[PDB]
Structure formats: C-alpha cells, structure tokens
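This report refers to the structure that appears directly beneath it.
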Amino acid sequence: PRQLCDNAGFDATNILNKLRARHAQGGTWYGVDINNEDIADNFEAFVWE
Amino acid sequence: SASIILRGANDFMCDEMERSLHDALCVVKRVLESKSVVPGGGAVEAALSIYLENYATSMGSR
C-alpha cells in the first residue's frame with residue numbers, strides 16, 4: 001500500500017498513518033484510492049481480486 | 001534510635017555482615033520514606049511500551 005501512494009504522486013505518510021488508525025476501528029476492507037486522495041472502501045468501490 | 005551488635009565467628013565473616021545490614025536497611029528505608037513507590041527492575045518501561053503503543057493508533061495526524 002505504500003508504493004501505490006508514491007506511484008500516484010500522493011503523500012504516502014499521511015495516507016498510511018490515517019489508514020492504519022482506521023483499521024483499528026474494525027473496518028477490514030478499507031484501502032488506498034488511486035483516483036482521489038483519501039481513505040476509501042475498496043469493497044464498496046468494487047476493487048476485487 | 002536503636003543498636004544492633006553482631007556476634008559472629010570470624011572477622012572476615014562478620015565484617016561483610018556489617019555492611020550487608022546497612023545496605024539492606026537503606027533499601028527498606030527508602031521505600032518507606034518516599035511514601036509512594038513503584039515496582040522496579042524494568043517493570044515500568046515494559047508496561048509503558050504496550051500501553052503507549054496502543055494509544056498511538058487512537059490519535060493520528062502524524
């Protein structure tokens with residue numbers, strides 16, 4: 001998840017820190033959004049593997 | 001006040017017992033003097049390491 005922020009030109013530190021605290025609230029599907037810079041749910045955004 | 005006379009066996013044996021009581025006396029003294037103490041031997045740093053690490057995730061903002 002860190003290389004996705006650097007390759008997208010975003011700030012890897014601010015995204016990863018806010019994302020790590022978000023998983024402490026129980027959401028397991030949250031991840032990095034490549035388009036907009038923010039923490040979004042990849043399950044509701046239909047990014048699946 | 002008080003006094004304690006140590007009747008021992010040999011001079012080498014009773015000499016070590018002299019400073020041994022004075023050393024252990026200051027240990028019991030210092031605890032009962034500052035009235036609030038804390039367990040030592042690295043127990044303070046270990047407990048703070050676990051609590052402050054879970055507290056870091058509840059803040060954020062770098």
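Ordering of the structure tokens sets the chain letters (A, B, ...); residue numbers start at 1 within each chain; ligands are numbered from 1 in the order shown.
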Determine which residues of chain B receive a DSSP assignment of helix (DSSP H, G or I), computed from the backbone, and state them as an MDAnalysis selection string. chainID B and resid 11:33 43:58
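Within 8 Å of chain B, counting only C-alpha atoms, chain A contributes residues 13, 14, 17, 18, 20, 21 and 24 of chain A.
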Between atom CA of residue B:3 and atom CA of residue B:22, what is the distance in Å, rounded to a tenth? 12.0 Å
As a ChimeraX atom specification, which residues of chain A does DSSP assign to strand (DSSP E or B)? /A:30-32,39-41
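Among the candidate residues A:28, A:47, A:35, A:23, the one lying nearest to residue A:9 is A:35, with distances computed using only C-alpha atoms.
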Selection: 7 Å around residue A:30, only C-alpha atoms, excl. self and same-chain fewer than 2 positions, as a PyMOL selection string: chain A and resi 27-28+39-42
Restricting it to N, CA, C and O atoms, dump the selection as a JSON list (two decimals), in the first residue's frame.
[["chain", "number", "residue", "atom", "x", "y", "z"],
["A", 27, "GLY", "N", -12.92, -1.79, 10.52],
["A", 27, "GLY", "CA", -13.12, -1.98, 9.10],
["A", 27, "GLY", "C", -11.96, -2.70, 8.45],
["A", 27, "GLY", "O", -10.83, -2.20, 8.48],
["A", 28, "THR", "N", -12.22, -3.86, 7.85],
["A", 28, "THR", "CA", -11.16, -4.65, 7.22],
["A", 28, "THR", "C", -11.02, -4.42, 5.73],
["A", 28, "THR", "O", -10.03, -4.85, 5.14],
["A", 39, "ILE", "N", -8.88, 7.96, 2.11],
["A", 39, "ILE", "CA", -9.09, 6.57, 2.51],
["A", 39, "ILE", "C", -10.52, 6.18, 2.17],
["A", 39, "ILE", "O", -11.48, 6.74, 2.70],
["A", 40, "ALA", "N", -10.66, 5.20, 1.27],
["A", 40, "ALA", "CA", -11.96, 4.77, 0.80],
["A", 40, "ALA", "C", -12.09, 3.27, 0.97],
["A", 40, "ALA", "O", -11.10, 2.56, 1.19],
["A", 41, "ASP", "N", -13.33, 2.78, 0.86],
["A", 41, "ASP", "CA", -13.62, 1.36, 0.98],
["A", 41, "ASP", "C", -13.51, 0.73, -0.40],
["A", 41, "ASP", "O", -14.27, 1.07, -1.31],
["A", 42, "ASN", "N", -12.56, -0.19, -0.56],
["A", 42, "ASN", "CA", -12.37, -0.86, -1.84],
["A", 42, "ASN", "C", -13.43, -1.92, -2.10],
["A", 42, "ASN", "O", -13.62, -2.32, -3.25]]
Neighbour list for residue A:15 as a CSV table (one decimal) with N, CA and C atoms, in the first residue's frame, cut-off 8 Å, only C-alpha atoms, skip fewer than 5 positions in-chain:
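Output file part-v9.csv follows:
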chain,number,residue,atom,x,y,z
A,5,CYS,N,0.9,4.8,-3.2
A,5,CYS,CA,0.8,6.2,-2.9
A,5,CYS,C,1.9,7.0,-3.6
A,32,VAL,N,-6.4,2.2,-0.1
A,32,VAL,CA,-6.0,3.4,-0.8
A,32,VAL,C,-6.7,3.6,-2.1
A,38,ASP,N,-7.6,10.0,-0.6
A,38,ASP,CA,-8.4,9.8,0.6
A,38,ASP,C,-8.4,8.3,0.9
A,39,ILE,N,-8.9,8.0,2.1
A,39,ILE,CA,-9.1,6.6,2.5
A,39,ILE,C,-10.5,6.2,2.2
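From atom CA of residue B:31 back to atom CA of residue B:14, the distance works out to 26.3 Å.
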What is the distance, in Å and to one decimal place, between atom CA of residue A:43 and atom CA of residue A:29? 5.9 Å
